[PDB]
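For what it's worth, PDB author numbering labels the leading residue of the sequence shown as 1, then goes sequentially.
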Amino acid sequence: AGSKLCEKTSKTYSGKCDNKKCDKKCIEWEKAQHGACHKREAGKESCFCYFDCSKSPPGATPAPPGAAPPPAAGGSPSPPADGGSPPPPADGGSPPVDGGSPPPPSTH
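Right, here's the structure in full:
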């Protein structure tokens, strides 16, 4: 009938290599359970995700490439970015005069 684990190797991830993006994209594209990213081989970033398929027995026994997954690793980059900082109020010049000017936006 069916009962095992299915893992994807960025077979449809595309785009840059991120942390949450790799996982989200995995569950959004491959509807997996958990995904991760790793840079290696000519600097090529690969995304590996694992999700229960068919039934997923208590033994797991996924479908790896060669039965040799990556180490525990410890990367997952995600610096402090994007914290609420929209563009200025579109006044309208025509011709354009740059616009903006001080004071500066929020978040020092």
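For each residue, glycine too, the CB sits at the ideal point set by N, CA and C.
Between the CA atoms of residue j and residue i - distance to the nearest angstrom
| i | j | result |
| --- | --- | --- |
| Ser85 | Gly35 | 30 Å |
| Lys11 | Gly83 | 32 Å |
| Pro69 | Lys44 | 16 Å |
| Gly99 | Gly93 | 8 Å |
| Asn19 | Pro64 | 21 Å |
| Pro58 | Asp52 | 11 Å |
| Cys6 | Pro79 | 31 Å |
Residue i vs residue j beta-carbon contact at 8 Å
| i | j | result |
| --- | --- | --- |
| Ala73 | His38 | yes |
| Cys49 | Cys26 | yes |
Member of the options whose CA lies at the smallest distance from the CA of residue i
| i | options | result |
| --- | --- | --- |
| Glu28 | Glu41, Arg40 and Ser14 | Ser14 |
| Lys4 | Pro71, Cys49, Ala67 and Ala60 | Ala60 |
| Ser76 | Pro58, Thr107, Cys22 and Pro57 | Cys22 |
| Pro102 | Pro88, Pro95 and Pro96 | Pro88 |
| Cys47 | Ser56, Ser54 and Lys24 | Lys24 |
Burial state of residue i, where buried means 16 or more other Cβ atoms lie within 10 Å
| i | result |
| --- | --- |
| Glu41 | exposed |
| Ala90 | exposed |
| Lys8 | buried |
| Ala32 | buried |
Chain B within 8 Å of residue i, Cβ atoms only
| i | result |
| --- | --- |
| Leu5 | The structure shown contains no chain B; it holds only a single protein chain. |
- [ ] Please go through the region 17-75 and give each complete alpha helix (DSSP H) segment of 4 or more residues, from N-terminal end onward.
- [x] 20-29
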